[PDB]
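Visitor: Quick one, data-v4.cif (mmCIF, C-alpha atoms and all ligand atoms):
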data_input
#
loop_
_atom_site.label_atom_id
_atom_site.label_comp_id
_atom_site.auth_asym_id
_atom_site.auth_seq_id
_atom_site.Cartn_x
_atom_site.Cartn_y
_atom_site.Cartn_z
CA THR A 2 0.00 0.00 0.00
CA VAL A 3 2.89 2.49 -0.47
CA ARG A 4 3.32 4.13 -3.90
CA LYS A 5 6.95 4.91 -4.53
CA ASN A 6 8.88 7.18 -6.83
CA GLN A 7 9.97 5.05 -9.79
CA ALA A 8 13.50 6.41 -9.46
CA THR A 9 13.79 4.73 -6.07
CA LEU A 10 12.62 1.19 -6.87
CA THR A 11 14.96 -1.68 -6.09
CA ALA A 12 15.93 -4.11 -8.82
CA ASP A 13 13.54 -6.67 -7.21
CA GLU A 14 10.67 -4.19 -7.25
CA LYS A 15 11.23 -3.32 -10.92
CA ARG A 16 11.33 -7.01 -11.81
CA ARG A 17 8.12 -7.81 -9.96
CA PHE A 18 6.27 -4.77 -11.34
CA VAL A 19 7.31 -5.67 -14.89
CA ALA A 20 6.39 -9.33 -14.51
CA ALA A 21 2.93 -8.48 -13.07
CA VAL A 22 2.22 -6.04 -15.93
CA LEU A 23 3.25 -8.64 -18.53
CA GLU A 24 0.97 -11.25 -16.87
CA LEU A 25 -2.02 -8.91 -17.00
CA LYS A 26 -1.23 -8.46 -20.68
CA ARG A 27 -0.83 -12.18 -21.33
CA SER A 28 -4.09 -13.08 -19.63
CA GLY A 29 -6.08 -10.49 -21.61
CA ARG A 30 -6.93 -8.31 -18.63
CA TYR A 31 -4.62 -5.44 -19.57
CA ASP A 32 -6.21 -4.58 -22.88
CA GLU A 33 -9.64 -3.97 -21.34
CA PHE A 34 -8.13 -1.15 -19.31
CA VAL A 35 -6.87 0.34 -22.57
CA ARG A 36 -10.33 -0.04 -24.06
CA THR A 37 -12.16 1.57 -21.14
CA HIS A 38 -9.86 4.54 -21.20
CA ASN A 39 -10.27 5.04 -24.97
CA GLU A 40 -14.08 4.94 -24.65
CA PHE A 41 -14.06 7.79 -22.13
CA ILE A 42 -11.45 9.76 -24.05
CA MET A 43 -13.56 9.59 -27.18
CA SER A 44 -16.87 10.28 -25.42
CA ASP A 45 -16.09 13.04 -22.90
CA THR A 46 -16.96 16.40 -24.53
CA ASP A 47 -16.74 20.00 -23.44
CA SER A 48 -20.44 20.67 -24.07
CA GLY A 49 -21.89 17.26 -23.21
CA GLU A 50 -21.46 14.44 -20.73
CA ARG A 51 -17.88 14.45 -19.43
CA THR A 52 -16.49 12.12 -16.77
CA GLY A 53 -12.98 10.77 -17.25
CA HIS A 54 -11.29 14.02 -18.26
CA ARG A 55 -11.82 17.64 -19.39
CA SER A 56 -13.91 17.86 -16.24
CA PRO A 57 -13.69 18.05 -12.44
CA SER A 58 -13.94 14.26 -12.21
CA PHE A 59 -10.68 13.86 -14.21
CA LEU A 60 -8.84 13.40 -10.94
CA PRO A 61 -11.13 11.07 -8.93
CA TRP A 62 -11.91 9.07 -12.09
CA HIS A 63 -8.23 8.45 -12.77
CA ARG A 64 -7.68 7.72 -9.07
CA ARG A 65 -10.29 4.95 -9.20
CA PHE A 66 -9.07 3.72 -12.59
CA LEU A 67 -5.52 3.41 -11.25
CA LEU A 68 -6.87 1.65 -8.16
CA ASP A 69 -8.60 -0.87 -10.35
CA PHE A 70 -5.33 -1.44 -12.21
CA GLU A 71 -3.22 -1.65 -9.05
CA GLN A 72 -5.71 -4.18 -7.62
CA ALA A 73 -5.34 -6.33 -10.74
CA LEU A 74 -1.55 -6.15 -10.40
CA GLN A 75 -1.83 -7.19 -6.76
CA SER A 76 -4.02 -10.11 -7.81
CA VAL A 77 -0.93 -11.38 -9.68
CA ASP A 78 1.76 -10.35 -7.15
CA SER A 79 0.45 -8.87 -3.90
CA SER A 80 3.72 -7.04 -3.23
CA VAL A 81 3.44 -4.78 -6.27
CA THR A 82 2.16 -1.21 -6.06
CA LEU A 83 2.00 1.49 -8.73
CA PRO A 84 5.19 3.60 -8.83
CA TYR A 85 4.97 7.22 -9.89
CA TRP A 86 7.04 9.21 -12.37
CA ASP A 87 7.95 12.68 -11.18
CA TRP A 88 8.49 14.12 -14.62
CA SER A 89 9.50 17.40 -13.05
CA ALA A 90 12.57 15.74 -11.46
CA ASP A 91 13.34 12.90 -13.88
CA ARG A 92 13.09 14.82 -17.10
CA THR A 93 15.56 13.35 -19.57
CA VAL A 94 15.73 10.25 -21.75
CA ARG A 95 18.60 9.26 -19.44
CA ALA A 96 16.25 8.67 -16.49
CA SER A 97 16.41 5.14 -15.06
CA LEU A 98 12.71 4.91 -15.92
CA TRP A 99 13.64 4.48 -19.56
CA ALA A 100 16.34 1.89 -18.97
CA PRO A 101 16.02 -1.60 -20.48
CA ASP A 102 15.46 -3.14 -17.01
CA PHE A 103 12.36 -0.99 -16.50
CA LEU A 104 10.28 0.53 -19.29
CA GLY A 105 12.81 0.59 -22.15
CA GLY A 106 13.72 3.78 -23.97
CA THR A 107 12.62 5.91 -26.87
CA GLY A 108 11.52 4.68 -30.27
CA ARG A 109 13.91 4.49 -33.20
CA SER A 110 13.49 7.34 -35.69
CA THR A 111 12.07 5.55 -38.72
CA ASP A 112 8.91 4.13 -37.25
CA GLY A 113 8.91 5.11 -33.54
CA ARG A 114 9.49 1.48 -32.53
CA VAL A 115 10.79 0.88 -29.00
CA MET A 116 13.74 -1.43 -29.39
CA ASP A 117 14.69 -2.39 -25.81
CA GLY A 118 13.12 -3.07 -22.43
CA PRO A 119 10.53 -5.73 -21.56
CA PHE A 120 7.80 -4.10 -23.62
CA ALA A 121 9.68 -3.96 -26.97
CA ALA A 122 7.69 -5.66 -29.70
CA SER A 123 10.65 -8.00 -30.44
CA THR A 124 10.09 -9.72 -27.07
CA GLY A 125 6.77 -11.13 -28.23
CA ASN A 126 5.34 -10.09 -24.84
CA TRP A 127 3.68 -6.74 -25.63
CA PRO A 128 1.32 -6.83 -28.61
CA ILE A 129 -0.55 -3.63 -29.23
CA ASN A 130 -4.10 -4.84 -29.79
CA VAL A 131 -6.50 -2.03 -28.85
CA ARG A 132 -5.44 0.55 -31.36
CA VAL A 133 -6.32 3.12 -33.97
CA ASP A 134 -2.95 3.45 -35.67
CA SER A 135 -2.90 -0.05 -37.19
CA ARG A 136 0.68 -0.81 -36.16
CA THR A 137 1.05 -3.36 -33.37
CA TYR A 138 4.36 -2.46 -31.70
CA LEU A 139 4.99 -0.07 -28.80
CA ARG A 140 6.14 3.35 -30.12
CA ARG A 141 7.66 6.38 -28.37
CA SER A 142 9.42 9.54 -29.40
CA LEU A 143 10.67 10.98 -26.11
CA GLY A 144 10.96 14.77 -26.50
CA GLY A 145 9.87 14.57 -30.11
CA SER A 146 6.68 16.65 -30.39
CA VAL A 147 7.44 18.97 -27.49
CA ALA A 148 10.89 19.95 -26.20
CA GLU A 149 10.61 19.80 -22.44
CA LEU A 150 8.69 18.18 -19.61
CA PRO A 151 7.22 20.51 -16.99
CA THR A 152 9.59 21.86 -14.35
CA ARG A 153 9.19 21.95 -10.57
CA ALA A 154 8.61 25.73 -10.79
CA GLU A 155 5.74 25.23 -13.26
CA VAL A 156 4.20 22.48 -11.12
CA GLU A 157 4.43 24.81 -8.12
CA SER A 158 2.58 27.55 -9.97
CA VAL A 159 -0.32 25.13 -10.61
CA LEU A 160 -0.26 23.81 -7.03
CA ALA A 161 -0.62 27.42 -5.87
CA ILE A 162 -4.06 27.74 -7.47
CA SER A 163 -6.69 27.74 -4.70
CA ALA A 164 -9.90 26.79 -6.56
CA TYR A 165 -10.23 23.09 -7.38
CA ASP A 166 -12.21 23.79 -10.54
CA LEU A 167 -14.46 26.50 -11.97
CA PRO A 168 -17.52 26.83 -14.18
CA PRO A 169 -17.79 25.85 -17.06
CA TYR A 170 -16.08 22.74 -15.64
CA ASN A 171 -14.40 21.80 -18.90
CA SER A 172 -11.30 22.38 -21.01
CA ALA A 173 -11.88 26.15 -20.87
CA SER A 174 -11.92 26.32 -17.08
CA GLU A 175 -9.58 28.31 -14.92
CA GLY A 176 -8.72 26.63 -11.60
CA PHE A 177 -6.44 23.83 -10.42
CA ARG A 178 -7.95 20.79 -12.17
CA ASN A 179 -7.72 22.24 -15.71
CA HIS A 180 -4.22 23.68 -15.19
CA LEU A 181 -3.00 20.30 -13.90
CA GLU A 182 -4.82 18.51 -16.75
CA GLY A 183 -3.20 21.05 -19.00
CA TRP A 184 -5.82 22.39 -21.43
CA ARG A 185 -5.08 25.91 -20.11
CA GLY A 186 -1.83 27.38 -18.85
CA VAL A 187 1.74 26.20 -18.81
CA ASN A 188 0.34 22.64 -19.22
CA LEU A 189 1.37 19.70 -17.06
CA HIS A 190 -0.45 16.41 -17.79
CA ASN A 191 -1.32 16.84 -21.46
CA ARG A 192 2.22 17.95 -22.27
CA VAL A 193 3.65 14.80 -20.71
CA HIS A 194 1.48 12.63 -22.98
CA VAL A 195 2.72 14.65 -25.96
CA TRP A 196 6.35 14.41 -24.81
CA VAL A 197 6.32 10.62 -24.66
CA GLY A 198 4.69 10.38 -28.09
CA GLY A 199 3.78 7.05 -29.63
CA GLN A 200 0.64 5.47 -28.13
CA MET A 201 0.97 7.74 -25.10
CA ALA A 202 -0.04 10.67 -27.31
CA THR A 203 -3.26 8.98 -28.46
CA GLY A 204 -6.59 7.98 -27.03
CA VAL A 205 -5.17 4.47 -26.41
CA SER A 206 -2.42 5.79 -24.19
CA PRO A 207 -2.57 3.02 -21.49
CA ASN A 208 -0.99 0.84 -24.18
CA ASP A 209 2.30 2.23 -22.79
CA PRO A 210 3.00 1.08 -19.19
CA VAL A 211 4.36 4.58 -18.46
CA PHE A 212 0.68 5.64 -18.55
CA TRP A 213 0.22 4.34 -15.02
CA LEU A 214 3.36 5.98 -13.64
CA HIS A 215 2.42 9.34 -15.21
CA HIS A 216 -1.07 9.23 -13.78
CA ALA A 217 0.21 8.05 -10.41
CA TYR A 218 2.25 11.26 -10.26
CA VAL A 219 -0.73 13.35 -11.43
CA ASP A 220 -2.68 11.73 -8.56
CA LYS A 221 0.13 12.57 -6.17
CA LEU A 222 -0.04 16.20 -7.29
CA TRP A 223 -3.75 16.22 -6.44
CA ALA A 224 -2.81 14.97 -2.96
CA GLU A 225 -0.15 17.70 -2.67
CA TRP A 226 -2.72 20.27 -3.76
CA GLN A 227 -5.10 19.14 -0.99
CA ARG A 228 -2.25 19.57 1.57
CA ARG A 229 -1.58 23.10 0.29
CA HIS A 230 -5.27 23.98 0.31
CA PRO A 231 -6.92 22.14 3.18
CA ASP A 232 -9.75 24.73 2.91
CA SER A 233 -10.56 24.00 -0.76
CA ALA A 234 -12.54 21.02 -1.93
CA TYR A 235 -14.03 19.28 -4.94
CA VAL A 236 -16.62 21.29 -6.91
CA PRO A 237 -19.28 21.24 -8.19
CA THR A 238 -21.33 20.13 -5.24
CA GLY A 239 -24.72 19.32 -6.70
CA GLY A 240 -27.13 19.54 -9.60
CA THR A 241 -24.71 20.22 -12.42
CA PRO A 242 -25.80 18.79 -15.81
CA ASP A 243 -23.32 16.61 -17.68
CA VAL A 244 -20.66 16.96 -14.88
CA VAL A 245 -20.09 14.56 -11.94
CA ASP A 246 -20.95 16.45 -8.79
CA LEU A 247 -19.25 15.63 -5.46
CA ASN A 248 -21.77 13.03 -4.29
CA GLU A 249 -22.82 11.75 -7.68
CA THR A 250 -21.76 8.30 -8.79
CA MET A 251 -19.27 7.88 -11.67
CA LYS A 252 -19.26 5.68 -14.72
CA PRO A 253 -18.24 3.08 -15.51
CA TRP A 254 -18.34 1.74 -11.91
CA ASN A 255 -21.57 3.51 -10.89
CA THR A 256 -20.88 2.51 -7.24
CA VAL A 257 -18.34 5.20 -6.26
CA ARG A 258 -18.51 9.03 -6.05
CA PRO A 259 -15.80 11.73 -6.10
CA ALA A 260 -16.52 12.10 -2.36
CA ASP A 261 -15.40 8.51 -1.79
CA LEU A 262 -12.04 9.17 -3.49
CA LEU A 263 -10.85 12.50 -2.14
CA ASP A 264 -8.80 10.92 0.63
CA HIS A 265 -6.19 8.66 -0.89
CA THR A 266 -4.97 7.36 2.48
CA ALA A 267 -7.94 4.99 2.63
CA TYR A 268 -6.27 3.06 -0.19
CA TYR A 269 -2.55 3.92 -0.21
CA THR A 270 0.12 6.35 1.01
CA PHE A 271 3.16 7.81 -0.78
CA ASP A 272 6.84 7.30 0.02
CA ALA A 273 6.88 11.04 0.77
CA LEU A 274 4.13 13.65 0.91
CA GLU A 275 4.54 16.91 2.87
CA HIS A 276 2.14 18.08 5.55
CA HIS A 277 0.21 21.31 5.08
CA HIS A 278 2.50 24.28 5.74
CA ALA B 40 -21.51 26.67 -36.92
CA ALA B 41 -19.60 23.94 -38.80
CA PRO B 42 -16.18 24.27 -40.48
CA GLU B 43 -16.08 23.93 -44.27
CA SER B 44 -15.51 20.60 -45.85
CA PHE B 45 -12.13 19.76 -47.38
CA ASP B 46 -10.52 17.21 -49.69
CA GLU B 47 -6.80 16.98 -50.43
CA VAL B 48 -3.89 14.61 -50.77
CA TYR B 49 -1.50 15.20 -47.84
CA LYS B 50 1.87 13.34 -47.77
CA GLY B 51 0.44 10.87 -50.28
CA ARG B 52 -2.77 10.19 -48.35
CA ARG B 53 -6.31 11.31 -49.12
CA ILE B 54 -7.73 13.36 -46.26
CA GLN B 55 -11.36 14.52 -46.29
CA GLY B 56 -13.52 16.37 -43.81
CA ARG B 57 -17.20 17.22 -43.80
CA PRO B 58 -19.84 18.62 -41.45
CA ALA B 59 -22.21 16.01 -40.24
CA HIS B 66 -18.54 4.40 -27.70
CA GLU B 67 -17.48 7.88 -28.78
CA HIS B 68 -19.12 11.33 -28.71
CA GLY B 69 -21.92 12.59 -31.01
CA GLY B 70 -19.70 14.56 -33.42
CA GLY B 71 -20.69 17.35 -35.76
CA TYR B 72 -17.81 16.82 -38.12
CA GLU B 73 -16.29 13.77 -39.84
CA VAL B 74 -12.72 13.18 -41.02
CA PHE B 75 -11.39 10.39 -43.19
CA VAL B 76 -7.86 9.14 -43.92
CA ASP B 77 -7.78 7.07 -47.12
CA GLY B 78 -11.50 6.40 -46.72
CA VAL B 79 -11.26 5.28 -43.09
CA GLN B 80 -13.05 7.55 -40.61
CA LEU B 81 -10.85 9.20 -38.01
CA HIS B 82 -12.46 10.22 -34.76
CA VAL B 83 -12.02 13.96 -34.17
CA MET B 84 -13.30 16.32 -31.52
CA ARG B 85 -13.70 20.08 -31.07
CA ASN B 86 -12.70 21.76 -27.83
CA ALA B 87 -14.49 24.72 -26.22
CA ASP B 88 -11.85 27.18 -27.53
CA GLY B 89 -12.52 26.00 -31.11
CA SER B 90 -9.34 23.91 -31.41
CA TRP B 91 -9.53 20.27 -32.63
CA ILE B 92 -7.94 17.01 -31.65
CA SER B 93 -8.12 13.47 -32.90
CA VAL B 94 -7.92 10.09 -31.31
CA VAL B 95 -4.34 9.70 -32.67
CA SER B 96 -3.27 13.07 -31.31
CA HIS B 97 -5.64 13.64 -28.43
CA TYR B 98 -3.55 15.88 -26.14
CA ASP B 99 -2.20 18.40 -28.63
CA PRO B 100 -4.86 20.77 -29.91
CA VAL B 101 -4.60 22.15 -33.42
CA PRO B 102 -6.67 24.88 -35.01
CA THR B 103 -8.87 23.10 -37.55
CA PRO B 104 -10.18 19.68 -38.57
CA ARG B 105 -7.82 19.72 -41.54
CA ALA B 106 -4.87 20.30 -39.16
CA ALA B 107 -6.08 17.34 -37.11
CA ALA B 108 -6.29 15.15 -40.22
CA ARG B 109 -2.80 16.22 -41.23
CA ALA B 110 -1.50 15.57 -37.72
CA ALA B 111 -3.04 12.11 -37.97
CA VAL B 112 -1.23 11.40 -41.29
CA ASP B 113 2.00 12.58 -39.67
CA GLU B 114 1.38 10.27 -36.69
CA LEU B 115 0.61 7.29 -38.89
CA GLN B 116 3.89 7.37 -40.87
CA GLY B 117 2.14 5.59 -43.71
CA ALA B 118 0.23 3.01 -41.67
CA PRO B 119 -3.40 2.34 -42.45
CA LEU B 120 -5.91 3.64 -39.96
CA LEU B 121 -8.26 1.19 -38.24
CA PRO B 122 -11.94 2.16 -37.82
CA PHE B 123 -13.18 3.19 -34.38
CU CU C 301 -6.72 9.99 -19.74
CU CU C 302 -3.79 29.77 -16.62
CU CU C 303 -3.89 11.25 -19.22
CU CU C 304 -2.83 26.38 7.15
CU CU C 305 -17.63 10.76 -31.37
#
So that I can check it, write out the structure of this file as structure tokens.
Ligand SMILES: [Cu+2]
Ligand SMILES: [Cu+2]
Ligand SMILES: [Cu+2]
Ligand SMILES: [Cu+2]
Ligand SMILES: [Cu+2]
Guide:
Amino acid sequence: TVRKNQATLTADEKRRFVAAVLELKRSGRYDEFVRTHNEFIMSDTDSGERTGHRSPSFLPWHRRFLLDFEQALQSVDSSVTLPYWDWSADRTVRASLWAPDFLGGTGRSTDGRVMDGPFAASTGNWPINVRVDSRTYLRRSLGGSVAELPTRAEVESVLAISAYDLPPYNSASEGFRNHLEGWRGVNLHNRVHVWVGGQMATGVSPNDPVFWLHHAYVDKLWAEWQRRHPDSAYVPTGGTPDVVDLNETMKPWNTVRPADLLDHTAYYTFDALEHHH
Amino acid sequence: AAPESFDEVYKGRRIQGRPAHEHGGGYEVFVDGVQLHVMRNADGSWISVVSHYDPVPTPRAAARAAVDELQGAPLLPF
């Protein structure tokens, strides 16, 4: 139940995380996560029903989605937890994240194909099945479509925003949620998807295992935001068309609300997370 | 109010757009006759399912960004 910075995992932890991910893929369970995410990405709209992103529920929805995935990993190896990628600290292609004993590196230039690591197509262990681009190999172009990952100073500027979210509760919103998501402002989470490239830049972005580490860090930043703003809370708080209000249930589960997910410590803690100061 | 339709060959591929499990979309794009899911954002920018996190100004720009992403590969239908 502790989520750790990827940069700090032991060799044993990396091995067990990798092997649990590959077993979820082998058994067919992994690709349904990819498929669920793509369905929300394609359906959520700024002027219609919106649940998994471009909306206040972006954060609790991804928190529950990552919990579902972590629980599946634990069903294979109960010692495994989701690591997080602090892309503000580990910001080059040199990071140990991208080493062949962890996620493998960038894609070669011709066709974006990842050539090393346990998820390289040549292993036979990571077929890309749920897809729009018809190619079936993992692709990346680290730093290709956008020069730099966000910095600590830019993350701090978003963490400083006091309102969780603001009407119209979509990609045009001011407020914390939309600045972290990235549709407005210096852009944190969307830019990271663009920076990895390959499937991470598409609606089938959980095809890349870095998806989970990226979102685990996004989730950590929500927790840091809550510590900075103990007086601010999820909005809206009732009767908002097309938006998940605080105590409304969320698809696809239907049995959980944003209110049930605001406090992560009910499910996990972080290796380090500051107290409100 | 819908963008204009278009039809061109871009980096050897036919891209078309027209006003019309995924949202109810007012505009359709095609890459070599296969429909590409695209979406308009509140600020009027567009994205597509193969470049979802990087808004571009128009549906034609999204179709072109999709051809760039595909590097010659056929698109699969959504
Ligand atoms: Cu997402
Ligand atoms: Cu801003
Ligand atoms: Cu994302
Ligand atoms: Cu205080
Ligand atoms: Cu649609």
Visitor: Could I get the residue neighbourhood of ligand CU 304 (chain C) at 8 Å, counting all atoms listed in the file, as number ranges by chain?
Guide: A: 229-231, 277-278
Visitor: For the interface of chain A with ligand CU 301 (chain C) (cut-off 10 Å, counting all atoms listed in the file), please tabulate each contacting residue of chain A alongside its nearest pair of atoms and their separation in Å to one decimal, rows sorted by chain and increasing number, as CSV.
Guide:
residue,atom,partner,partner_atom,distance
A:38,CA,C:CU301,CU,6.5
A:39,CA,C:CU301,CU,8.0
A:41,CA,C:CU301,CU,8.0
A:42,CA,C:CU301,CU,6.4
A:53,CA,C:CU301,CU,6.8
A:54,CA,C:CU301,CU,6.3
A:55,CA,C:CU301,CU,9.2
A:59,CA,C:CU301,CU,7.8
A:60,CA,C:CU301,CU,9.7
A:62,CA,C:CU301,CU,9.3
A:63,CA,C:CU301,CU,7.3
A:66,CA,C:CU301,CU,9.8
A:182,CA,C:CU301,CU,9.2
A:190,CA,C:CU301,CU,9.2
A:191,CA,C:CU301,CU,8.9
A:194,CA,C:CU301,CU,9.2
A:201,CA,C:CU301,CU,9.6
A:203,CA,C:CU301,CU,9.4
A:204,CA,C:CU301,CU,7.6
A:205,CA,C:CU301,CU,8.8
A:206,CA,C:CU301,CU,7.5
A:207,CA,C:CU301,CU,8.3
A:212,CA,C:CU301,CU,8.7
A:216,CA,C:CU301,CU,8.2
Visitor: Write as a PyMOL selection string the residues around ligand CU 305 (chain C), taking 12 Å as the cut-off and counting all atoms listed in the file.
Guide: (chain A and resi 39-46+49-50) or (chain B and resi 59+66-74+80-85+92-94+123)
Visitor: Calculated over only C-alpha atoms, which of the candidates A:147, A:244, A:273, A:251 has the smallest distance to chain B?
Guide: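 Closest residue, counting only C-alpha atoms: A:147.
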Visitor: As an NGL selection string, please: the residues near residue A:219 (cut-off 10 Å, all atoms listed in the file, same-chain neighbours under 2 positions excluded).
Guide: :A and (60 or 63-64 or 85-88 or 181-182 or 189-190 or 213-217 or 221-225)
Visitor: Write the selection just made, keeping C-alpha atoms, as a CSV table (one decimal), in the coordinates of the input?
Guide:
chain,number,residue,atom,x,y,z
A,60,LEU,CA,-8.8,13.4,-10.9
A,63,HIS,CA,-8.2,8.4,-12.8
A,64,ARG,CA,-7.7,7.7,-9.1
A,85,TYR,CA,5.0,7.2,-9.9
A,86,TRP,CA,7.0,9.2,-12.4
A,87,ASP,CA,8.0,12.7,-11.2
A,88,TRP,CA,8.5,14.1,-14.6
A,181,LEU,CA,-3.0,20.3,-13.9
A,182,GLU,CA,-4.8,18.5,-16.8
A,189,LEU,CA,1.4,19.7,-17.1
A,190,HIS,CA,-0.4,16.4,-17.8
A,213,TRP,CA,0.2,4.3,-15.0
A,214,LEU,CA,3.4,6.0,-13.6
A,215,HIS,CA,2.4,9.3,-15.2
A,216,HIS,CA,-1.1,9.2,-13.8
A,217,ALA,CA,0.2,8.0,-10.4
A,221,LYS,CA,0.1,12.6,-6.2
A,222,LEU,CA,0.0,16.2,-7.3
A,223,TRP,CA,-3.8,16.2,-6.4
A,224,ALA,CA,-2.8,15.0,-3.0
A,225,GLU,CA,-0.2,17.7,-2.7
Visitor: Taking all atoms listed in the file into account, report as number ranges by chain which residues have an atom no farther than 10 Å from an atom of ligand CU 302 (chain C).
Guide: A: 158-159, 162, 173-177, 179-181, 183-188
Visitor: How far is it from atom CA of residue A:242 to atom CA of residue A:167, in Å with one decimal?
Guide: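 Atom CA of residue A:242 sits 14.2 Å away from atom CA of residue A:167.
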Visitor: What residues have an atom no more than 9 Å from (-10.3, 11.1, -46.3) in the file's own frame, counting only C-alpha atoms, and can you write them as a list in words?
Guide: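 Taken together, the residues in range are residues 45, 46, 47, 48, 52, 53, 54, 55, 56, 74, 75, 76, 77, 78, 79, 80, 81 and 108 of chain B.
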Visitor: Identify which of the residues A:236, A:211, A:274, A:83 lies closest to ligand CU 303 (chain C), counting only C-alpha atoms and all ligand atoms when measuring atom-to-atom distances.
Guide: A:211
Visitor: Write out as a PyMOL selection string the residues lying within 6 Å of stretch 71-80 of chain A, counting only C-alpha atoms and excluding same-chain residues fewer than 3 positions away.
Guide: chain A and resi 21+67-68
Visitor: Name the closest residue to residue A:133 among the candidates A:210, A:29, A:199, A:237; distances are taken between atoms, counting only C-alpha atoms.
Guide: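 Under the stated criterion, the closest residue is A:199.
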Visitor: Which is closest to ligand CU 303 (chain C) among A:27, A:192, A:95, A:258, if we use all atoms listed in the file?
Guide: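 Among the listed residues, A:192 lies closest to ligand CU 303 (chain C).
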Visitor: Can you tell me how far atom CA of residue A:245 sits from atom CA of residue A:34, in Å to one decimal?
Guide: 21.1 Å
Visitor: Could you tell me which of A:150, A:267, A:247, A:131 comes closest to chain B if we count only C-alpha atoms?
Guide: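 Between A:150, A:267, A:247, A:131, the residue approaching chain B most closely is A:131.
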Visitor: Would you give me, as CSV, each residue of chain B having an atom within 12 Å of an atom of ligand CU 303 (chain C), along with its shortest atom pair and that distance in Å to one decimal, using all atoms listed in the file and sorting by chain and residue number?
Guide:
residue,atom,partner,partner_atom,distance
B:97,CA,C:CU303,CU,9.7
B:98,CA,C:CU303,CU,8.3
B:99,CA,C:CU303,CU,11.9
Visitor: Compile the contact shell of residue A:109 as an mmCIF file with C-alpha atoms, in the frame of the given file: residues with an atom at most 10 Å away, counting only C-alpha atoms, same-chain residues fewer than 6 positions apart removed.
Guide:
data_model
loop_
_atom_site.group_PDB
_atom_site.id
_atom_site.type_symbol
_atom_site.label_atom_id
_atom_site.label_comp_id
_atom_site.auth_asym_id
_atom_site.auth_seq_id
_atom_site.Cartn_x
_atom_site.Cartn_y
_atom_site.Cartn_z
ATOM 1 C CA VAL A 115 10.790 0.880 -29.000
ATOM 2 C CA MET A 116 13.740 -1.430 -29.390
ATOM 3 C CA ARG A 140 6.140 3.350 -30.120
ATOM 4 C CA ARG A 141 7.660 6.380 -28.370
ATOM 5 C CA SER A 142 9.420 9.540 -29.400
#
Visitor: Please write out, as JSON, where the centre of an axis-aligned box around all listed atoms of stretch 122-126 of chain A lies and how long its edges are, in Å to one decimal, after adding 5 Å on each side.
Guide:
{"center_x": 8.0, "center_y": -8.4, "center_z": -27.6, "size_x": 15.3, "size_y": 15.5, "size_z": 15.6}
Visitor: Missing atoms in stretch 175-184 of chain A should be modelled up to N, CA, C and O atoms and reported as an mmCIF file, in the coordinates of the input.
Guide:
data_model
loop_
_atom_site.group_PDB
_atom_site.id
_atom_site.type_symbol
_atom_site.label_atom_id
_atom_site.label_comp_id
_atom_site.auth_asym_id
_atom_site.auth_seq_id
_atom_site.Cartn_x
_atom_site.Cartn_y
_atom_site.Cartn_z
ATOM 1 N N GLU A 175 -10.747 27.970 -15.736
ATOM 2 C CA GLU A 175 -9.580 28.310 -14.920
ATOM 3 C C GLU A 175 -9.568 27.360 -13.709
ATOM 4 O O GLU A 175 -10.428 26.464 -13.642
ATOM 5 N N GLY A 176 -8.662 27.520 -12.760
ATOM 6 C CA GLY A 176 -8.720 26.630 -11.600
ATOM 7 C C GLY A 176 -7.700 25.505 -11.678
ATOM 8 O O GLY A 176 -7.107 25.204 -12.714
ATOM 9 N N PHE A 177 -7.469 24.847 -10.557
ATOM 10 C CA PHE A 177 -6.440 23.830 -10.420
ATOM 11 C C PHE A 177 -6.570 22.658 -11.391
ATOM 12 O O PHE A 177 -5.601 22.335 -12.080
ATOM 13 N N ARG A 178 -7.731 22.015 -11.405
ATOM 14 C CA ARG A 178 -7.950 20.790 -12.170
ATOM 15 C C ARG A 178 -7.543 21.000 -13.631
ATOM 16 O O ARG A 178 -6.803 20.176 -14.172
ATOM 17 N N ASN A 179 -8.045 22.037 -14.291
ATOM 18 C CA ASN A 179 -7.720 22.240 -15.710
ATOM 19 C C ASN A 179 -6.292 22.661 -15.979
ATOM 20 O O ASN A 179 -5.726 22.343 -17.047
ATOM 21 N N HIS A 180 -5.647 23.370 -15.052
ATOM 22 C CA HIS A 180 -4.220 23.680 -15.190
ATOM 23 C C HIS A 180 -3.379 22.425 -14.980
ATOM 24 O O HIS A 180 -2.391 22.223 -15.697
ATOM 25 N N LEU A 181 -3.750 21.562 -14.036
ATOM 26 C CA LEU A 181 -3.000 20.300 -13.900
ATOM 27 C C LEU A 181 -3.259 19.437 -15.142
ATOM 28 O O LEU A 181 -2.327 18.828 -15.702
ATOM 29 N N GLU A 182 -4.509 19.341 -15.579
ATOM 30 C CA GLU A 182 -4.820 18.510 -16.750
ATOM 31 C C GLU A 182 -4.067 19.037 -17.952
ATOM 32 O O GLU A 182 -3.402 18.322 -18.716
ATOM 33 N N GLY A 183 -4.108 20.372 -18.103
ATOM 34 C CA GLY A 183 -3.200 21.050 -19.000
ATOM 35 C C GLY A 183 -3.856 21.774 -20.156
ATOM 36 O O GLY A 183 -3.088 22.312 -20.990
ATOM 37 N N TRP A 184 -5.169 21.797 -20.255
ATOM 38 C CA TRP A 184 -5.820 22.390 -21.430
ATOM 39 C C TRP A 184 -5.657 23.914 -21.399
ATOM 40 O O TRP A 184 -5.757 24.546 -22.465
#
